[PDB]
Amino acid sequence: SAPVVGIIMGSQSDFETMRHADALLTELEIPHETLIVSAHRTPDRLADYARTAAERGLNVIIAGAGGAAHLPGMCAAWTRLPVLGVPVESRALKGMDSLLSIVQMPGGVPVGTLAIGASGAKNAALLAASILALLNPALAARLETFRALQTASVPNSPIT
């Protein structure tokens, strides 16, 4: 019942995107916490969060941010846990700024980066699930059921 994934984001408006990650973890019954942590406005909150993540029992952190998106990278700077990054779509540059500022981490501190926007949020949750499935065979079966339903549910022909 204690969280094994932390979903964090810089602001309330990021939640429109990150709620898709939150929903997916819930559907797969992965205990998690969903929090606002701003790299730029609450840097000490972030330092404390990432530094204590492991010892609190978190296994994976999903971090979402837009623009000059620094939250995932700085989070990875302070934890050895895998950090997954979701570029939030920005108004002017449509998440191209978010994408580059998250994915282009220099060697030594990784961030596993997902697609811009809602698809990325969903896939960060699914990637976290595939990571946790390595430790948890019940979850591994639920994830397989999910992928099997995803595959079987694709229609054969489009509708008008």
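Heads up: residue numbers just count along the shown sequence, starting at 1.
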- Going by the entry, of stretches 49 to 57 and 124 to 132 the one with greater average Cα B-factor is 49 to 57
- According to the deposited model, is the average Cα temperature factor higher in 29 to 37 or in 61 to 69? 29 to 37
- Which of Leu100, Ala118, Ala92, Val111 ranks first by CA B-factor in the deposited coordinates: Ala92
- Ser11: which third of its chain by C-alpha temperature factor? highest
- Tell me, lowest, middle or highest third: where does the Cα B factor of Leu139 rank within its chain? middle
